[PDB]
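*Asks:* Mapping of the sequence shown onto the authors' numbering: residues 438 to 541, in sequence order.
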Amino acid sequence: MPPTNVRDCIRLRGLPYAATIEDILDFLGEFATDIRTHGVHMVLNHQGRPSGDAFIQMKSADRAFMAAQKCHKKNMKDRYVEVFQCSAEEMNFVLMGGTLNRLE
Numbered sequence: 438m439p440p441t442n443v444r445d446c447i448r449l450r451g452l453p454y455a456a457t458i459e460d461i462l463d464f465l466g467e468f469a470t471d472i473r474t475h476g477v478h479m480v481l482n483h484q485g486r487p488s489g490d491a492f493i494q495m496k497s498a499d500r501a502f503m504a505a506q507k508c509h510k511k512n513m514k515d516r517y518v519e520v521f522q523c524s525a526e527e528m529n530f531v532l533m534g535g536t537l538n539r540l541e
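This is how it looks when you write it as structure tokens:
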């Protein structure tokens with residue numbers, strides 16, 4: 438099956454320190470029900486602990502958009518997690534640590 442770049446991926450950002458797998462599912466709500474098999478990838482930092490970034494690939498791009506809209510800076514317990522939709526390419530790009538231009 439050819440890897441198709443669909444915008445079915447979502448980047449969560451600002452996740453709590455040690456937000457658990459069920460905790461993140463709660464946060465997702467019903468959107469966790471349409472997640473692709475092992476679609477949830479948490480980004481770890483040097484220490485081997487979450488960067489606060491996570492990428493979740495859902496089955497459907499429409500659901501991903503809906504989730505990214507629903508959770509675009511949503512209050513997760515006591516934190517605000519800003520969720521943004523992404524493509525498979527964007528997901529890999531951030532995971533690979535692609536060149537992101539920010540003159541700051």
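We treat Cβ as the ideally placed atom computed from N, Cα and C, and that holds for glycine.
1. Go ahead and label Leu537 buried or exposed: buried means 16 or more other beta carbons lie within 10 angstroms of its beta carbon, across all protein chains shown.
2. Between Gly476 and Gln494, how many whole angstroms is the CB-CB distance? I'm expecting something under 8 Å.
3. Okay, do the region 507 to 514 and the region 524 to 541 touch, 3+ Cβ pairs below 8 Å being the bar?
4. Going by C-alpha to C-alpha distance, which of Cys523, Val480, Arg539 and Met533 sits closest to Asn442?
5. Kindly identify the DSSP beta-bridge partner or partners of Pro487.
6. Would you identify the three-state DSSP class for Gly476, choosing helix, strand or coil?
7. Are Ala504 and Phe521 close, meaning C-beta to C-beta below 8 Å?
8. What residue range is occupied by the uninterrupted alpha helix (DSSP H) comprising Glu459?
9. Report the residue from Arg486, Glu541 and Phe492 whose alpha carbon sits nearest the alpha carbon of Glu519.
*Replies:* To lay it out plainly:
1. The residue you call residue 537 lines up with position 100 of the sequence shown. By the 10 Å Cβ count, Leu537 comes out exposed.
2. Sequence index remark: in the sequence shown, residue 476 carries index 39 (1-based). Sequence index remark: in the sequence shown, residue 494 carries index 57 (1-based). Their Cβ separation, rounded to whole angstroms, is 4 Å, which keeps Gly476 and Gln494 in contact under 8 Å.
3. no
4. The sequence position of residue 442 within the sequence shown is 5, counting from 1. The shortest C-alpha separation from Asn442 is found at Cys523.
5. Counting from 1 along the sequence shown, the entry for residue 487 is found at position 50. Partner(s): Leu481.
6. Start at 1 with the first residue of the sequence shown, and residue 476 comes out as number 39. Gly476 falls in the strand class under three-state DSSP.
7. The residue you call residue 504 lines up with position 67 of the sequence shown. The residue you call residue 521 lines up with position 84 of the sequence shown. No, these two residues do not count as a Cβ contact at 8 Å.
8. In the sequence shown, counting from the first residue as 1, residue 459 sits at position 22. It spans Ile458 to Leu465 - the alpha helix (DSSP H) in which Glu459 sits, taken as one unbroken run.
9. Here residue 519 corresponds to residue number 82 of the sequence shown, with the count starting at 1. Selected option, being the one with the closest Cα: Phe492.
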